[PDB]
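Below is one structure; the comments refer to it alone.
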Amino acid sequence: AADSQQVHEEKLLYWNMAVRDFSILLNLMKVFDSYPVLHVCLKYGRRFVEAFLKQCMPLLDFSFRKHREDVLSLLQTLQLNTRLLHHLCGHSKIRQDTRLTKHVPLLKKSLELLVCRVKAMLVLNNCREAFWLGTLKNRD
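PDB author numbering runs 1251 ahead of the 1-based position in the sequence shown.
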């Protein structure tokens, strides 16, 4: 349960590194154009952020005490995935009418949840070792 938890965190680590890879892609893609490109991020994010709360968050607290280095690193990849989703909500092409407004609120509401789940994780005995090895092992 504890030793198998390490292998599940390493997947959730660069699966997040993946969503943040995509998010940025379409934001440099929407630069020279798109209607639907923003649409993909909007809806999938809603299902991604939904997957975080109900699956990966309970596991974070699960293994949080045994392995801090894998847990604090996973919370850093979550923060960067969220920074993109925020810059995505308020957005250039979202300043265009209709279709993009039926999305933003459902992401906003569940993100103010996920974000506030990280806050309480951020304050437990903050120590730079948890952050340090959750950095250089977050490298690539």
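Built from N, CA and C at the ideal position, the CB exists for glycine as well.
Collapsed DSSP secondary structure at residue i in the structure displayed
i     : result
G1341 : coil
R1271 : helix
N1389 : coil
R1316 : coil
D1321 : helix
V1258 : helix
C1378 : coil
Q1347 : coil
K1305 : helix
N- and C-terminal bounds of the alpha helix (DSSP H) containing residue i
i     : result
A1371 : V1355 to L1373
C1292 : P1287 to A1302
Same chain, Cβ closer than 6 Å to residue i, neighbours up to 5 away in sequence not counted
i     : result
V1355 : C1340
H1318 : none
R1297 : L1357 and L1358
Euclidean distance between Cα positions of residue i and residue j
i     : j     : result
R1350 : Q1327 : 32 Å
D1254 : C1378 : 23 Å
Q1257 : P1309 : 14 Å
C1292 : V1374 : 30 Å
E1380 : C1307 : 22 Å
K1353 : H1337 : 16 Å
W1266 : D1348 : 33 Å
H1342 : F1303 : 23 Å
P1287 : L1357 : 18 Å
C1367 : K1360 : 11 Å
Proximal residues to residue i (C-beta, below 8 Å), its chain only, five neighbours per side dropped
i     : result
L1335 : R1271, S1274, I1275 and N1278
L1384 : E1320 and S1324
Cut-off 7 Å between Cβ atoms - residues of its own chain near residue i, not counting five sequence neighbours on either side
i     : result
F1315 : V1322
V1369 : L1326, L1329 and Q1330
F1382 : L1323
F1299 : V1270
Whole-angstrom C-beta distance between residue j and residue i, which should lie under 8 Å
i            : j     : result
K1344        : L1263 : In fact, because the Cβ distance is near 30 Å, the residues do not count as touching under 8 Å.
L1362        : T1333 : 6 Å
residue 1428 : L1311 : As displayed, the chain neither begins before 1252 nor continues past 1391, which places residue 1428 out of reach and without an answer.
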